[PDB]
Amino acid sequence: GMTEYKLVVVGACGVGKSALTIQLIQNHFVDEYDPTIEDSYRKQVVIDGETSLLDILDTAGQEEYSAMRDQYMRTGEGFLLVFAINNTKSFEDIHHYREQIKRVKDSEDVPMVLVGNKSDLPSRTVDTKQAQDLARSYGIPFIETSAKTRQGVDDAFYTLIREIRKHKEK
Ligand SMILES: *CCC(=O)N1C[C@@H]2C(=O)N(C)c3cnc4c(F)c(-c5c(O)cccc5F)c(Cl)cc4c3N2C[C@H]1C
Ligand SMILES: Nc1nc2c(ncn2[C@@H]2O[C@H](COP(=O)(O)OP(=O)(O)O)[C@@H](O)[C@H]2O)c(=O)[nH]1
Ligand SMILES: [Mg+2]
């Protein structure tokens, strides 16, 4: 068949996980989507001439850490680690998400992409240079996105898939 990849979108409440994922699937910006609704979505994509089926989990639920998520997270093949460029706390939380991913996957080498969302807003408080410095330190790609304009959205998901395909060849 065509290969199938499980992708997981993680990050703090309100960063735009749902807006991103719905943009990629439904081709429109859905604002104020309920913060607690979780869903999976499927999408066929062609990347570098190979067609793949993406199964994308948009994480939600209660606004705390819960180990009830972790069996689900262990099924992820690649993760988008999303913060909002107008929200310093959401950037500060990225460390915790990467540590939990490494813990559940029991690996130092899990496909991941750092996503700085809401790039359309003028209210940036997270310096692109500091987020780039963090991504360099982790050894993972960094893409600034806007779910609203769609800037960066496809490149974030496609770069993740590329990282997964490379991982699977090691
Ligand atoms: C508005 C809800 C929302 O977007 N949330 C819910 C919660 C949340 O708010 N916090 C603080 C939270 C904390 N820690 C989380 C995780 F550690 C993980 C995670 C594992 O448990 C294991 C492996 C990878 C992980 F990323 C997840 Cl999936 C979610 C956590 C949350 N949520 C963030 C977000 C979905
Ligand atoms: N301007 C702007 N607002 C966004 C963007 N992404 C999400 N939002 C808004 O930020 C809020 C949270 O988005 P949501 O998708 O619910 O975040 P989630 O909790 O991470 O799933 C909503 O009010 C969205 O309309 C973005 O790229 N630009
Ligand atoms: Mg959401």
Side-chain angles (χ1 to χ4, degrees), residues 5-41 43 54-126 128 131 134-135 138 140-160 163-164 167:
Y5 306 109
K6 179 69 163 286
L7 285 46
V8 189
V9 186
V10 308
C13 282
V15 299
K17 296 181 299 294
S18 298
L20 285 167
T21 305
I22 293 168
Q23 178 65 248
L24 187 81
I25 308 296
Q26 296 177 189
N27 297 148
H28 69 333
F29 175 59
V30 171
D31 65 309
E32 317 303 332
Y33 190 68
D34 195 286
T36 74
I37 295 174
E38 193 155 278
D39 264 293
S40 288
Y41 303 91
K43 191 170 182 58
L54 308 186
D55 182 355
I56 308 156
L57 182 49
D58 174 32
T59 65
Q62 65 175 128
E63 185 177 15
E64 66 181 72
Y65 168 80
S66 169
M68 293 295 308
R69 306 194 177 87
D70 294 0
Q71 288 288 89
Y72 301 84
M73 302 299 98
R74 287 180 181 98
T75 76
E77 294 174 292
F79 299 77
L80 296 183
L81 302 188
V82 187
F83 68 97
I85 65 154
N86 60 338
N87 192 281
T88 301
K89 178 59 158 50
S90 71
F91 179 73
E92 292 176 357
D93 293 341
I94 287 294
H95 169 88
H96 165 85
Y97 295 106
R98 178 168 169 277
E99 296 291 310
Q100 298 305 310
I101 293 162
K102 292 183 319 94
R103 190 181 55 82
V104 303
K105 296 299 293 186
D106 195 39
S107 174
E108 289 303 318
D109 179 32
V110 184
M112 294 179 250
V113 174
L114 188 65
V115 174
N117 189 44
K118 312 197 186 183
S119 69
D120 60 288
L121 296 175
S123 51
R124 180 189 287 278
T125 52
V126 179
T128 302
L134 188 65
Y138 293 160
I140 69 172
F142 173 44
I143 294 164
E144 288 186 352
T145 62
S146 172
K148 186 169 175 310
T149 63
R150 201 188 181 116
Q151 163 220 304
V153 177
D154 304 270
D155 186 28
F157 287 93
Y158 288 22
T159 292
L160 181 59
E163 297 285 290
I164 297 157
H167 187 81

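Numbering of residues begins at 1 and proceeds along the displayed sequence. In listed order, ligands and their atoms are each counted from 1.
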- Item | Identity and distance of the protein heavy atom lying nearest atom 26 (C) of ligand 2 | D120 OD1, 3.5 Å
- Message: How close do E77 and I164 get, counting heavy atoms only, and between which atoms?
- Response: O-CG1, 3.7 Å
- Could you find the nearest protein heavy atom to atom 16 (O) of ligand 2 and give me its residue, atom name and distance? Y33 O, 3.5 Å
- Task: State the atoms of ligand 2, each with its element, that fall below the 4.0 Å cut-off from a heavy-atom position in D31.
- Result: 25 (O)
- Message: Check the orientation of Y65 and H96. Use parallel for under 30°, tilted for 30 to 60°, and perpendicular for over 60°.
- Response: perpendicular
- Are any of the N or O atoms of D58 closer than 3.5 Å to those of ligand 2? no
- Message: Could you check whether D109 and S107, counting side-chain N and O atoms only, form a donor-acceptor pair closer than 3.5 Å?
- Response: no
- OH/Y72: more than 12 non-hydrogen atoms of other groups inside 6.0 Å: no
- Could you check if a side-chain atom of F157 sits within less than 4.5 angstrom of a side-chain atom of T21, using non-hydrogen atoms only? yes
- Message: Is it the case that atom NZ in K148 sees more than 12 heavy atoms from other parts of the structure closer than 6.0 Å?
- Response: no
Could you check ligand 1 for N or O atoms lying under 3.5 Å from protein N or O atoms and list the pairs with distances?
residue  : atom   : partner : partner atom : Å
ligand 1 : 4 (O)  : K17     : NZ           : 2.8
ligand 1 : 14 (N) : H96     : NE2          : 2.8
ligand 1 : 21 (O) : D70     : OD1          : 2.5

- Message: Show me which atoms of ligand 2 lie under 4.0 Å from any heavy atom of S18.
- Response: 15 (O), 21 (O)
- Those atoms of ligand 2 less than 4.0 Å from some heavy atom in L121: 1 (N)
- Item | Protein heavy-atom partner closest to atom 19 (O) of ligand 2 - residue, atom, separation in Å | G14 N, 2.9 Å
- Task: Please report the shortest heavy-atom distance between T145 and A156, naming the atom on each side.
- Result: CG2-CB, 4.2 Å
- Is any N or O atom of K17, backbone or side chain, closer than 3.5 Å to an N or O atom of ligand 2? yes
- Which residue, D55, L54, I22, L57, forms the side-chain contact (heavy atoms from CB on, under 4.5 Å) with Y41? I22
- Query: If you take all heavy atoms of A135 and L114, which pair is closest and at what distance?
  - Reply: CB-CD2, 4.0 Å
- Note on the structure: of all protein heavy atoms, closest to atom 24 (C) of ligand 2 is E32 N, 3.7 Å
- Message: Less than 4.5 Å apart, side chain to side chain, heavy atoms only: is that true for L81 and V10?
- Response: yes
- Note on the structure: of all protein heavy atoms, closest to atom 8 (N) of ligand 2 is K118 CE, 3.9 Å
- Task: State whether the number of non-hydrogen atoms from other residues, nucleotides or ligands found under 6.0 Å of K43 atom NZ is greater than 12.
- Result: yes
- Item | Inter-residue atom distance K89.NZ - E92.CD, 0.5 Å rounding | 7.5 Å
- Which residues and atoms, counting only protein N, O or S, are under 2.8 Å from the Mg ion (ligand 3)? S18 OG
- What heavy-atom pair brings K118 and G14 nearest, and what distance separates the two atoms? NZ-O, 2.9 Å
- Note on the structure: Any heavy atom of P35 under 4.0 Å from ligand 2? The part involved is neither
- Message: Looking only at protein heavy atoms, which one is nearest to atom 27 (O) of ligand 2, and what is the separation?
- Response: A147 N, 2.8 Å
- Item | Identity and distance of the protein heavy atom lying nearest atom 3 (N) of ligand 2 | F29 CZ, 3.9 Å
- Look up atom CG in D154 and atom OG1 in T159, then write down how far apart they are to the nearest 0.5 Å. 10.0 Å
- Message: Can you tell whether the side chains of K102 and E99 come within less than 4.0 Å, N to carboxylate O?
- Response: yes
- Taking only heavy atoms of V15, which atoms of ligand 2 are found under 4.0 Å from at least one of them? 17 (O), 20 (O)
- Residue, atom and distance of the protein heavy atom nearest atom 6 (N) of ligand 2 read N117 ND2, 3.2 Å
- Message: I want to confirm something. Looking only at heavy atoms, which of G16, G11, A12 is nearest to atom 13 (O) of ligand 2?
- Response: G16
- Item | Verdict with supporting geometry, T59 and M73, side-chain contact (heavy atoms from CB on, under 4.5 Å) | CA-CA 9 Å; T59 65; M73 302 299 98; 3.8 Å; yes
- Message: To check you understand the geometry: which heavy-atom pair defines the closest contact between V115 and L20, and what is its length?
- Response: CG1-CD1, 4.1 Å
- Query: How about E38: does its CD atom have over 12 heavy atoms from other parts shown lying under 6.0 Å from it?
  - Reply: yes
- Query: Can you find an N or O of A19 that's nearer than 3.5 Å to an N or O of ligand 2?
  - Reply: yes
